[PDB]
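Observations on chain architecture
Chain by chain, the residues run as shown.
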Amino acid sequence: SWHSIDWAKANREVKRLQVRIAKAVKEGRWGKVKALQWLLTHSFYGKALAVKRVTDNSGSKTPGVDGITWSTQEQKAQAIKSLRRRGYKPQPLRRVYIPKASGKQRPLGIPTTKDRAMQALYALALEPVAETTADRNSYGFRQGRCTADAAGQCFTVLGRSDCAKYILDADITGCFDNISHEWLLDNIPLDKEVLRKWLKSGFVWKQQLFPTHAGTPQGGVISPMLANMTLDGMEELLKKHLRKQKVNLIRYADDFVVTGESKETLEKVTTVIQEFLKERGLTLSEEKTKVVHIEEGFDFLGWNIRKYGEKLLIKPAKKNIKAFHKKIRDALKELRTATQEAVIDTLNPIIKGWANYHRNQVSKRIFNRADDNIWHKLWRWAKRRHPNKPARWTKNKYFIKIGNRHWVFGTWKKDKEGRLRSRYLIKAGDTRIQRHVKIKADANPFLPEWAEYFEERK
RNA sequence: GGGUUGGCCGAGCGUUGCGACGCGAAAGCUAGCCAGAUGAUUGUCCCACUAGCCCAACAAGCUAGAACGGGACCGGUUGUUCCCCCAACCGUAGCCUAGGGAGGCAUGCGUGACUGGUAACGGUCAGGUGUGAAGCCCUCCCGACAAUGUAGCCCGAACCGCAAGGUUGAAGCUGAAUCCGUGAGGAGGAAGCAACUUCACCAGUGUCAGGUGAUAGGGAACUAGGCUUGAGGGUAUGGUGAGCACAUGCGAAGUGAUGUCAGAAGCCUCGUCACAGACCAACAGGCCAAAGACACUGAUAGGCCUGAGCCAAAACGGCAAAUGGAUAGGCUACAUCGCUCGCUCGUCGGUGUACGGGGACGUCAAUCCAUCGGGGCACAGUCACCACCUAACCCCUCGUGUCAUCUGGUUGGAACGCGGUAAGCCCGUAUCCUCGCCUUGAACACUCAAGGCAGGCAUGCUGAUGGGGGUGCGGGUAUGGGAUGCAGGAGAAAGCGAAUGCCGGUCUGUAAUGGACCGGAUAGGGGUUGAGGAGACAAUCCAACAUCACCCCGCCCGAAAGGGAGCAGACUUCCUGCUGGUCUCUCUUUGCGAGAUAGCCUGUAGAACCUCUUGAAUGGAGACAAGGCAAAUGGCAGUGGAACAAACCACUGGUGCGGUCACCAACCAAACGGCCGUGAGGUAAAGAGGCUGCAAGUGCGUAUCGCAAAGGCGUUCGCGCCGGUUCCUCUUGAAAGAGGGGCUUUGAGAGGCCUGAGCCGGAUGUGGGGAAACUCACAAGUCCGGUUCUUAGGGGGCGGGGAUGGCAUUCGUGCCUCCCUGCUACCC
Ligand SMILES: [Mg+2]
Ligand SMILES: [Mg+2]
Ligand SMILES: [Mg+2]
């Protein structure tokens, strides 16, 4: 009976087991890990967690080369019982090109809906290990962290007067296949047999180290985490070799930058990193990695960092505003005619992500010059669907007044009951700029203490 | 490094009523041409000259007249601000057109009335409203004066209480006397008329003066037009050499290069943090004690200026503002541009070209151009070469007229006017072939029927007091810009006793549609009338080819009813067949890149899986430690709290095999007074059957998958190049771009569709633009002829007729809703 298990305690019990394994690895035992993570993944009430996770979040409709698809409320009952380590083989992958408006067919392989449960079950009992052995200054696909905190550790490491003055950008080029299959058999402590079965078949080639998208791991829950374990370290190794030349490191999944003390320092830092990239098989490109003076700046994440005189301020980068002026322009070309309730409905959510993603930087000026340059598009859109009428007319037609600047886009229509309705553009810029509060570096959301962070902070 | 506010030059053409074909037979409208009649041929005076008078017939002094004789003048423009001279063109007259009013008329749309008719289908007046034109309305009245519209430029005020009423002033508009001139014209402006609302501030504060900025609205200039002496020759700064697609073209319609969404050309904004500002806020470097008049707070209190730069202080404060430059004075003419559909206009703004002689005043503004750089605009064209038509200004000849209007002729065209019921359909009638039925007041489902088939007709009613069907007649009704074409049939207006059709020849040009010539056919009789010639004026038929005015016979089809007759038969309709192109969808096909499961065999592990065989080498409860391993395990088991205890809250747990430890249950291979006992030595082990997992093969590149089915140029006689398609590589944020390996290609079947944009050549017209050529519109102007493109579906934009009226307030104009209700030519 699937509709009988109490989900109100599933999370509690699984989280309790995860806390146990985390606190265990906190002590240098390493043996108790492969007795709780062998007990969790071979029991009820955690196995159903994977099925529940995989059946939702889409991706449970289109199958791999099996035909089978659960999609129901009673076929996912013998699926639970059919999850055994003994007698397991994979069923390759079917390459399906996901359509794109631009036509950018991005190859995303897809596994079976029973195979996917295993990839989503073993993510448990491996996730607690990754958090406990993380790199302190590592962000990306972690729990409770946000991509804004990567800029957070820049008002501090680089913010004060002296700090550092030279930065190294760097970028790794290898795809997920280049990782040595032998190497992965000896470090990730999930299992020494299932992992061997997995790689040899497919499960690879899917994309580069991390998903191309920012929040859509459609099918794979293990792929992000393996990268965050193979690319770990790199911080104790960095600070042990070079002692006092004020070195530091940040990394948001990919896209990691290192602050040196002088150009001389950042010539062996590109060597000690190079040594710690051959034990795996993926190296750094000799085309894009540059050492940059701080007064010229660099493009890290969707942000730009520079120093003007004696002043640190980080502002929206040039090749990210231009994208936002290309996504809008291509929604006013496919939806030219529209009905004026589709212009507002389509262009509203588009101007909310680009506002949330820069809500915490010095961008009050940048939010202007980025609404006018769309205002001169709506108005030019308005006078192209009335090639005969006059200006005063198009104006009184699609521009209203609210009790403010009398010229805003919208329609002051009504409702069924005789109430004055309203619709209008967000007009990015009416967003209180907030200075974020950084996450403590050593925070670990699975240790039994420090439970007041994260959940309450969310 | 945080709060808030800004954005726009206007008006029409491309978007509704009629559109077929035959004929101007009469009237109206209109284009050339041909000849006349009448007007006009545009400032004022002198010198005329034009004649006349009878000024005697002047050397006459008078009326008055002509576009083109000569002087002297006045007014308005242009020749870069203003003054003084000079040169140039133009006027106050006559006549139309654009525009504004007043009537009738035809028509749209609906509301009432009286009626024509069996019933289909209609008619006649009065009420309310739209429309009367780039093709398509009639008489009057204004008529270059006007209404309109705006980016630039002006005003948009003082005033005193006086309850806001006047005194003003006023951007400006009308402008009378008065005087000087002969006169056109000058100097002077008596008297009137006029928008004048709303705020925000000028070293805080509470105070008075002076000032500043933006708007409600008014004003100036322009909007406000044309012709009034020609013809010829040369002269582009004026235009044209389709259209549409694209790797290769179609087509009759230049040759070339480049470009089509990561965008050529053109344009708007800003300078390396790269939209114009301004207020507060905070921070920093500075300045005056409140900086025009007066208590009021105040100096570890203020205020202000400058700041993502400087200086300077109460000044008109100055500097350079990506690199490099030019510059005086513009209600002027022309061409171009003001952030993208083509064409006309109107105000305003900068560029480029052209624009007399002196003198006076005194230039420069973050104004402008050229180059680089950053961010934006999209309905796809740009740039050179060649060939041709045109000649306003320019130069050279020959001119004596030119413009408008009205008459009388001639040739024409039409959306204006007149003629045509016909096959479809509706109704009436006649007759005939009829005959199908669930029940049925029944002669017993078979004769006077309802529920009610059907039909008529939303149970709502007649309804075997009946149904059904073609056929011959008789009334009424069609509503008509091209969209694959063709062929016969029902029908056939206008013309013909020889024709502008039709049929056969000749001949000529267009890409296609043509024009001029010859031949060829082409009607059953009989009777009145002469409608008008002619016979004149009495003396004749036409006896009606006056396309047949009116009756009888035969002729053919119909039950009569009476309908029809020689070749032609234009346009719109209903029928038959063939033929064509566009769609959607189920099949198969091969070329690409993925690709297992089942099943069968080949070697292996069972310690955590069973059943065993063995003589035993076995059965239980415990303790520690663990970068060894695993066949259902933690929907579990605990403690302390909700005292405990029901949920509820915290904390604890390594699940088994193997490692080290030890304990209890039977050993008797040990010792061994042979068994007649005593202590004590280990509880080790190996083969068999399925059962499962691993590494392999076969099952197979099979099912199952994702995309795709495009070729063209010369055979240098290989192949090359330009493309298409699929798979893989680096690239940035990108749909773009590059570099490689493959192929470069098949047939059926089911169901739909036939609507619209243009462009080209001649023939008839018209209105804008223009001097002319040409240009953009009139359903693609219409017609005809030759061509390419486009057909679910949205979004917007109009119009007509009514309702209770909601609102704002002009109090009866508009925003609105509620349907009815035509429009899509317009963008995806
Ligand atoms: Mg049109
Ligand atoms: Mg006609
Ligand atoms: Mg059309």
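Looking at the PDB entry, one finds chain A named Maturase reverse transcriptase, with Thermosynechococcus vestitus as its source organism.

1. Overview of the nonpolar core
By size, the foremost hydrophobic cluster in this structure holds 53 residues, and its most contacted members are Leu126, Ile188, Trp198, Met234, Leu238 and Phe256. Looking at which element gives the most residues to this core, the answer is helix α9 (residues 223-230), with 4 residues. Formed by 24 residues, the second largest nonpolar core is a distinct cluster that contains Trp354, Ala370, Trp381 and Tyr398.

2. Re the packing of aromatic side chains
Following the criterion strictly, the structure yields 14 aromatic pairs and no others. Aromatic side chains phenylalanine 176 and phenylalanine 203 sit 6.3 Å apart centroid to centroid with 65° between the ring planes, which places their arrangement in the edge-to-face category. Residue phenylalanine 176 is found in the loop between β3 (166-168) and α8 (194-198), and its partner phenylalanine 203 is found in the loop between α8 and α9; the two are separated by 27 residues along the sequence. For the residue pair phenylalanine 176 and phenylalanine 203, the accessibility class agrees, reading buried in each case. Cluster of aromatic residues (ring-pair linked, three or more members): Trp375, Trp379, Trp381, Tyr398, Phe399 and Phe409. Over the ring of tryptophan 7 we find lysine 52, and its NZ or CZ is 5.0 Å from the ring centre. Geometry around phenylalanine 399 places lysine 395 over its ring, the cationic atom sitting 5.7 Å from the centre.

3. Focus: the side chain of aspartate 115
Checked against the element boundaries, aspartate 115 lands in helix α5 (residues 115-121). One buried charged residue, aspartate 115, remains without a salt bridge, the closest side chain of opposite sign being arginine 116 at 6.5 Å. Contact partners of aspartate 115, with chain neighbours within four places excluded, come to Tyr88, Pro90 and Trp198.

4. With respect to the pairing of strand β11 (residues 408-411)
Along any regular strand the residues' side chains alternate between the sheet's two faces. Both faces of β11 are covered, namely the face carrying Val408 and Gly410 and the face carrying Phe409 and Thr411. The sheet contact formed by strand β10 (residues 399-400) and β11 spans 2 bridges and is antiparallel. Across the sheet, the residue bridging to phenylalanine 399 is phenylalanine 409, located in β11. Here β11 runs beside strand β12 (residues 423-424); their pairing, made up of 2 bridges, is antiparallel. In the strand pairing of β12, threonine 411 is matched with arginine 423.

5. Description of a nonpolar patch on the surface
Taken together, the side chains of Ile402, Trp412 and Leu420 present a nonpolar region at the surface, about 300 Å² in accessible area. Mapped onto the elements, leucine 420 comes out in the loop between β11 and β12.

6. Points about the pattern of salt bridges
Summed over all chains, the structure comprises 6 salt bridges. Across the pair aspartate 191 and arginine 85 runs a salt bridge whose closest N-O atoms are separated by 2.7 Å. Note that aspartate 191 is positioned in the loop between β3 and α8 and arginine 85 in the loop between α4 (78-81) and β1 (94-98), a separation of 106 residues in sequence. Looking at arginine 85, the relative accessible area reads 29%, which means it is partly exposed. Between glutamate 295 and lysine 165 there is a salt bridge; the shortest N-O distance is 3.8 Å. Within this pair, whereas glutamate 295 is found in the loop between β6 (291-293) and β7 (298-300), its partner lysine 165 is found in the loop between α7 (148-152) and β3, the two being separated by 130 residues in sequence. Overall, the relative accessible area of 27% leaves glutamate 295 in the partly exposed class. Look at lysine 165 and you get partly exposed, because its relative accessible area is 34%.

7. Some remarks on the protein's contact with RNA strand B
Taken together, 70 residues are adjacent to RNA strand B, and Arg29, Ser102, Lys364, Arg369 and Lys377 come closest. Among the atoms of RNA strand B lying within 4 Å of the protein, the sugar-phosphate backbone contributes 59%. One of the side-chain nitrogen or oxygen atoms of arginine 94 is found 2.4 Å away from a sugar or linking oxygen of RNA strand B. With respect to RNA strand B, the backbone of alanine 101 contributes an N or O atom lying 3.4 Å from a base nitrogen. Of all the secondary-structure elements, those providing two or more residues to the surface near RNA strand B are α1 (7-26), α2 (33-40), β1, β9 (312-315), α12 (318-327), α14 (364-367), α15 (372-382) and α16 (391-398). It is α15 that provides the largest number of residues to the surface near RNA strand B, a total of 7 residues.

About the cut-offs
- Residues numbered from 1 in each chain as written, not as in the entry; some residues may be left out.
- Chains lettered and ligands numbered in written order.
- Heavy atoms only, no water.
- Core = buried A, V, L, I, M, F, W, Y, C linked by side-chain atoms within 4.5 Å.
- Buried < 20%, exposed > 50% of the residue type's maximum accessible area, 1.4 Å probe, protein only.
- Helix = DSSP H or I, 4+ residues; strand = E, 2+ residues; numbered from the N terminus.
- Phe/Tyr/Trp six-rings, centres within 6.5 Å; stacked < 30°, edge-to-face > 60°.
- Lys NZ or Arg CZ within 6 Å of the ring centre and 35° of its normal.
- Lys, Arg positive; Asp, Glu negative; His and termini not counted.
- Salt bridge = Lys/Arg side-chain N within 4 Å of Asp/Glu carboxyl O.
- Contact = heavy atoms within 4.5 Å.
- Pairing = 2+ DSSP bridges.
- Patch = residues over 30% accessible without salt bridge, like charges linked within 9 Å, V, L, I, M, F, W, Y side chains within 5 Å.
- Areas by Shrake-Rupley, 256 points an atom, 1.4 Å probe, with all protein chains shown as cover.
- Near = heavy atom within 4 Å.
- Polar contact = N/O pair within 3.5 Å; in protein donor to acceptor, adjacent residues only side chain to side chain.

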